[PDB]
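Notes follow the structure.
Protein chains: 6
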Amino acid sequence: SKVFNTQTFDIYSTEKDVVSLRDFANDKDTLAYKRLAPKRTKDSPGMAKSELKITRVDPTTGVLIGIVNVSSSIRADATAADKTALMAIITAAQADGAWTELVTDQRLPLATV
Amino acid sequence: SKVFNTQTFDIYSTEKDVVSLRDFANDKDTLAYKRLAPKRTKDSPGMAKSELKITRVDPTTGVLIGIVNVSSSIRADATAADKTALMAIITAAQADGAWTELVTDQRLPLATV
Amino acid sequence: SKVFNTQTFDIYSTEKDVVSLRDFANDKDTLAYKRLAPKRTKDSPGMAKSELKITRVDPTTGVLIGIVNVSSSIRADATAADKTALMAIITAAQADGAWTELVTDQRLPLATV
Amino acid sequence: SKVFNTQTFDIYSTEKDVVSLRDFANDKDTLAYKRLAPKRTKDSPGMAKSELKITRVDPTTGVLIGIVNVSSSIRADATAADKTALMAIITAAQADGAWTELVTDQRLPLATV
Amino acid sequence: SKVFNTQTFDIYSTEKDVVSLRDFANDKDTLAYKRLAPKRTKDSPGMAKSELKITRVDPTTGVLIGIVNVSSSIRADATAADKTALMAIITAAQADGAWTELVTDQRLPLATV
Amino acid sequence: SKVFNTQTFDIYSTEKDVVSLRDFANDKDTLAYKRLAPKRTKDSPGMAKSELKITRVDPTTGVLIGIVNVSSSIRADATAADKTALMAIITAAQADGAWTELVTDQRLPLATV
């Protein structure tokens, strides 16, 4: 939406189901919010997809440095408590240092230290 | 690794590249740490993949309630500054209310309030 | 044979190698003892098979709730020492909490606690 | 898991769904815990398979003396009371001498004594 | 298992018959424990293979600096006295200076000094 | 070179790139020092192979009891610091108890104790 990690993200593009934001300062980060509503294709009401990804591309040759994507896929009938729990758990795990080592090290949380 | 959102996640399974944890209390939440090291298929050193996923299924009828997935695809040579900035932005974005509303509402960050 | 887990099991049917008992009180539990004598198909004296299974079905709609089966396959020549050791080990393992969690949790004995 | 029938069983192998332990003292007993999660193939949520087997193989020629296996197959939706009743009934039947005769004797519980 | 040569080795990956440890500090040293059970392909009980190897790969371009591997091939029936003697002789020879010359100099124990 | 594990090893045969020592007392243990120079088959200066193996053969019928072999494959250009580190890590790992379990038990460093 707005300033994250001391970088200001302004809207660059808006689609029916995608909003894209760029820094416009370092011209290397794009933040995308993506939306797929659930489709009642059976007795199930479908799963509501979301996607929040940050892409970093160096602005000299256009090489993709890296992508971090947060994707959610939750039942349309699912409760807010179910949806609150899923984000609370994944947020606590991200704050944990195991995830910080899973990224940057390819290290699983099974070390005996 | 351990207690997230006040729930204790004890190890459920271990693979070559996946470590799965279960609450075993509510018997419904599984946290997986997935690893995919870069492959030097060309002059590029490859992309180091990681995946941090939380799954909730109700353990009586076994219908998937929801999945929230955190995936990373970062160049093997990418500097930790690029790597840390990628984590800093996405965690800042997640803590922001736009991500909270993208889930639970399928609301894109374009509302005029 | 007779009262197990405070439930009285009266004989329900008899076969050449199977004896089946029923509670007849909750009309839902059936205990089967199955026999399979070793056959000397080669220089081996064969394997003596036994089976002790408990079956629960709800006696209104007849859906199987669950089965627990205790099967044995012991050489006909095997000494009573090996047979007693096998029973002692398996009963000790069942009395241990690891079996109690493997059932009702699908939890393998690998948690670090 | 640990000492059973005065024998220390230590981890020898860990799979996705099997844990194998050996005595490492008499080098003849292997205890395996095995896990199959229920699969929702229909309106039924599936059956959760457990297996607890003790195999004895004498370590001079490696011939299988005997196997005692405890297998459970319980509905995913089944109540914890159902599983408790199943385990209690099967353990009480195992503690009875009828099972101790069925094993080692191929004797059905129908004698008049 | 743990700190060797003042460097900390944490478990990098766990396999059925392989356990691998990575320094994760210098990101160039990998210690692997490999297992291979003896096979009774004949009257003989087979040879029990073990492997303990350290591999150094330069972590900027990926050039293998060196490998020191310790492999064992011991009869499945061999006594613990043989197994202790084999490990004792080879460990003493490694502590001898002739090994430190065979490595780093390719000097055989035949020079007259 | 000389007395290892309180056994006297005297030179049995001398080759161009192999030196072999025999106990000559138990007439069952042979220690071999094998050499192999690096080959500059390309731009790379090649890999310098070393080998230190102890072989036990039963000296009445000639049945191989076991072999423990230490082999090195180090870049011809590798620094002495790399070569010292490689020998230091592997020697420390052998002195660790995990090796003494991998040999004589085929126990991997993954048991939870």
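Residue numbers (the entry's author numbering), protein chains in the order written: chain EW, 1 to 113; chain EX, 1 to 113; chain AE, 1 to 113; chain AD, 1 to 113; chain FH, 1 to 113; chain EY, 1 to 113. The beta-carbon is built from N, C-alpha and C at its ideal position, and this holds for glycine as well.
query, result
"Leaving out the 5 sequence neighbours to the left and right, which residues in its chain are closer than 7 Å to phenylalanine 24/EW when beta-carbon positions are compared?", "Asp10"
"What residue range is occupied by the uninterrupted alpha helix (DSSP H) comprising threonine 91/EW?", "80-95"
"Kindly indicate which three-state DSSP category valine 103/AE falls into: helix, strand or coil?", "helix"
"Could you tell me which of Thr14/EW, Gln94/EW, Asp17/EW, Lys28/EW sits nearest to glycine 62/EW, measuring between CA atoms?", "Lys28/EW"
"Let me know the secondary structure DSSP gives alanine 48/AE once reduced to three states.", "strand"
"Between the alpha carbons of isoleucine 89/FH and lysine 2/EX, how many angstroms are there, rounded?", "45 Å"
"Is it buried or exposed, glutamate 51/AE, if we count other Cβ atoms within 10 angstroms and call 16 or more buried?", "buried"
"How would you list, in chain order, the residues of chain EY whose beta-carbon sits under 7 Å from the beta-carbon of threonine 14/FH?", "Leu110"
"What separation, rounded to the nearest whole angstrom, lies between the Cα atoms of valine 68/AD and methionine 87/AE?", "7 Å"
"Does the distance from the CB of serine 72/AD to the CB of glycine 66/AE come in under 8 Å?", "yes"
"Return the first residue and the last residue of the beta strand (DSSP E) that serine 1/EX is part of.", "Counting along the chain, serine 1/EX falls outside any beta strand (DSSP E), and DSSP gives it neither H nor E."
"List the residues of chain AE whose Cβ lies closer than 8 Å to the Cβ of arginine 75/AD, in chain order.", "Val63, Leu64, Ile65, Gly66"
"Exposed or buried, what is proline 59/AD when buried is set at 16 or more other beta-carbons lying within 10 Å of its beta-carbon?", "exposed"
"Against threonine 60/EX, what residues of chain AD qualify as contacts under a CB-to-CB distance less than 8 Å, listed in chain order?", "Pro45, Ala76, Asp77"
"Counting Cβ pairs closer than 8 Å, one from the segment 94-105 of chain FH and one from the segment 95-102 of chain EY, do we hit at least three?", "no"
"So, with DSSP's three-state summary, where would you put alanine 32/FH?", "strand"
"Alpha carbon to alpha carbon, what distance is there between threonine 14/AE and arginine 40/AD?", "35 Å"
"Enumerate in chain order the residues of its own chain whose CB-to-CB distance from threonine 79/AD is below 6 Å, with the five nearest sequence positions on each side excluded.", "none"
"Which chain FH residues are close to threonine 8/EY, counting only those with a beta carbon under 9 Å from its beta carbon?", "Ordered by position in chain FH, no residue passes the 9 Å Cβ test against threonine 8/EY, which lies about 12 Å from the chain."
"In chain order, which beta strand (DSSP E) runs of at least 3 residues are fully inside the segment 49-76 of chain AE?", "64-75"
"Just the Cα atoms here: how many angstroms apart are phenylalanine 4/EW and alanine 92/EX?", "5 Å"
"Taking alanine 85/EY as the reference, give the member of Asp82/FH, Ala111/FH, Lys83/FH, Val57/FH with the closest Cα.", "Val57/FH"
"Would you please state the rounded distance, in angstroms, between the beta carbons of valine 18/FH and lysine 42/FH? I believe it to be under 8 Å.", "Contact doesn't hold; Cβ gap of about 27 Å is too wide."
"Express the C-alpha separation of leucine 64/EX and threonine 55/EX in angstroms, rounding to a whole number.", "8 Å"
"Roughly how far, in whole angstroms, is the beta-carbon of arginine 75/FH from the beta-carbon of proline 45/FH, given that I think they are within contact range, below 8 Å?", "7 Å"
"Taking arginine 56/AE as the query, report the chain AD residues whose CB atoms sit under 8 Å from its CB, ordered along the chain.", "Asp82, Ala85, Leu86"
"List, in order along the chain, the chain EW residues whose C-beta lies closer than 9 Å to that of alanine 32/EX?", "Result: empty, since nearest Cβ-Cβ is about 10 Å, beyond 9 Å."
"Report back the beta-carbon spacing between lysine 53/FH and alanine 32/FH to the nearest angstrom; my notes put them in contact at under 8 Å.", "5 Å"
"Using CA atoms only, rank isn't needed, just tell me which of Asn26/EX, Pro109/EX, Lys83/EX, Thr6/EX is closest to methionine 47/EX.", "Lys83/EX"
"By a C-beta neighbour count over all protein chains shown, 10 Å radius and 16 as the cutoff for buried, is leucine 108/EY buried or exposed?", "buried"
"Say whether chain FH places a C-beta atom closer than 8 Å to the C-beta of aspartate 105/EW.", "yes"
"I need the straight-line Cα distance from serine 20/EW to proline 38/EX, nearest angstrom please.", "28 Å"
"For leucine 110/AE, count the other beta carbons within 10 Å of its own beta carbon; 16 or more makes it buried, fewer makes it exposed. Which is it?", "buried"
"Along chain EW, in chain order, which residues have C-beta atoms closer than 7 Å to that of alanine 98/EX?", "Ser1, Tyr33"
"Report the partner residues of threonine 14/AE according to the DSSP bridge assignment.", "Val19/AE"
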